[PDB]
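Overview (structure and organization)
What follows is each chain in one-letter form.
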Amino acid sequence: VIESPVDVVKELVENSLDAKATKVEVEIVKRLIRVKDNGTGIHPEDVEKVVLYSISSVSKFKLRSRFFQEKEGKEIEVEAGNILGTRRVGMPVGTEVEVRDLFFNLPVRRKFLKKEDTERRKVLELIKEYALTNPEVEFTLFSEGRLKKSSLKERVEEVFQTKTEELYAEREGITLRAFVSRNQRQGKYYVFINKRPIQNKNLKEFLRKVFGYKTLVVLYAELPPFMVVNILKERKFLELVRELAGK
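A chain's residues are numbered here from 1, following its sequence as written, a convention that may not match the entry; residues for which no coordinates exist are omitted. In computing side-chain values, all of the structure's heavy atoms are included and hydrogens and water are not.

Listed as the method for this PDB entry is X-ray crystallography; the listed resolution is 3.443 Å.

For two strands to be treated as a pair, DSSP must find no fewer than two bridges joining them. Secondary structure is summarised from DSSP: a helix means a run of H or I of at least four residues, a strand means a run of E of at least two, and numbering begins at the N terminus for each. Reading across from one edge, β9-β10-β13-β11-β12 is the order of the 5 strands in this open sheet, with mixed pairing throughout. In this open sheet, the two edge strands, each paired with only one partner strand, are β9 (165–171) and β12 (196–198). For this sheet the average axis-to-axis angle between neighbouring strands, irrespective of direction, equals 20 degrees. Pairing analysis gives 6 bridges linking strand β11 (residues 188–193) to strand β13 (residues 216–222), with the strands arranged parallel. Bridge pairing in β13 links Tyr190 to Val218. Sheet strands touched by helix α3 (residues 116–133): β11, β12 and β13. Its angle to β11, the strand with the most contacts, is close to 55 degrees. Lines are fitted to the C-alpha atoms to define the axes, a helix being fitted only along its stretch in contact, and any angle between axes, read from their N-to-C directions, falls within 0 to 180 degrees. The contact rule is simple, with two residues in contact once any of their heavy atoms fall within 4.5 Å.

Once that is clear, we can look at α3. Multiplying 1.5 Å by the residue count of a helix minus one yields the expected span of that helix. Here α3 contains 18 residues, and its C-alpha end-to-end distance of 26 Å stays within 8% of the 26 Å for a straight helix at 1.5 Å per residue. Of the positions making up α3, those classed as buried are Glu119, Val123, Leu126, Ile127, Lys128, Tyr130, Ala131, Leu132 and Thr133. In this scheme, a residue with accessible area under 20% of its type's maximum is buried, one over 50% is exposed, and one in between is partly exposed, where area comes from a 1.4 Å probe on protein chains only.

Moving on, we come to the sheet that holds strand β5 (residues 82–88). One open sheet holds the 8 strands; their spatial order is β5-β4-β3-β6-β2-β1-β7-β8, and the pairing between them is mixed. Whereas interior strands pair on both sides, the edge strands pair on one side only; in this sheet they are β5 and β8 (148–149). Relative to β5, strand β4 (residues 74–79) runs antiparallel, the two sharing 6 bridges. Its bridge partner being in β5, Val78 is matched across the sheet by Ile83.

Looking at where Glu116 falls in the secondary structure, it is placed in helix α3. A polar contact is formed between the side chain of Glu116 and the side chain of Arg120, at a distance of 2.9 Å. Throughout this description, a polar contact denotes any pair of N or O atoms lying within 3.5 Å of each other; where both atoms belong to protein, one of them has to be capable of donating a hydrogen while the other can accept it, and for residues adjacent in sequence the pair is counted only when both atoms sit in side chains.

Let us look at helix α5 (residues 201–210). Inspection of α5 places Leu203, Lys204, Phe206 and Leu207 among the buried residues, and these make up the whole buried set. Looking straight down α5, one finds that the buried residues subtend no more than 155 degrees of arc, so they occupy a single side. Exposed residues on α5 whose side chains face more than 90 degrees from its buried face are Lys201, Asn202 and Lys209. Those residues of α5 hidden inside the fold are in contact with β11, β12, β13 and α6 (234–244). Where α5 begins, the capping side chain belongs to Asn200, and its oxygen is found 3.2 Å from the backbone nitrogen of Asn202. Note that the arc is computed from the directions linking the helix axis to the C-beta atoms.

At a closest axis distance of 10 Å, the pairing of α5 and α6 adopts a crossing angle of 30 degrees. Taken as axis vectors, α5 and α6 run roughly parallel relative to one another. Considering only the axes of α5 and α6, their crossing is right-handed. In this structure, α5 contributes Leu203, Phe206, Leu207 and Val210 to the contact, and α6 contributes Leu238, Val241 and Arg242. The residue inventory of the contact of α5 with α6, partitioned by class, reads 6 nonpolar, no polar and 1 charged. Note that the term roughly parallel is reserved for angles under 35 degrees, roughly antiparallel for angles over 145, roughly perpendicular for angles of 65 to 115, and oblique for everything else. Crossing handedness follows the turn of the near helix against the far one: under a right angle anticlockwise gives a left-handed crossing, and clockwise gives a right-handed one. Residue classes follow a fixed rule: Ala, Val, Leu, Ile, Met, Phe, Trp, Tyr, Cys and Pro count as nonpolar, while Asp, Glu, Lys and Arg count as charged, and any other residue, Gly among them, counts as polar.

Structure follows, in structure tokens:
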């Protein structure tokens, strides 16, 4: 279920946002993975239980969590799924997890692992998706050093480092917004249906056609009862995309 560092940071950020974190800090070096958490954190009694939620407690794993009504906080260290033992630590409320040579005890997993730069870009794109999805949550990313953005309303302008025009349309059940700058030497077309990101290449070529061919486009869509690779009732959505590209 893991297979990659980007799935490690996916699970740890996923639990972090499930914890009502408003601040998520991800550090990778390509080896450790670290995710530091603003959230409610784990009860001390459950700290050893949850390690045997995260597995990927193989490999070489260390966690510490303070629950928000507990004054103490607790750290467990395991290696390759076997516990190297626990201690109490003063920490702020939240969780830190450290990963630190994934797949050391299992080669032919570790040789499946891609190039340094490739996994770095996978982690960076995932943090981009979590950021564009969650404007009200801080995110930080470290590789050498940072990538950072705070609570915002248009966060599209911070992550893509450009100024966007905002477009809007609502018809029937469908409400969809767009953020578009014009140039940036490159097409980048992002589409979010509900808050879930969609990589569908048909929709990105459609966005290439109705918007500009080298353009930034970030499209947030809301339709209530749909399916999610995803299925919807396509014609009225796509003609609504044709609409608001006429501003």
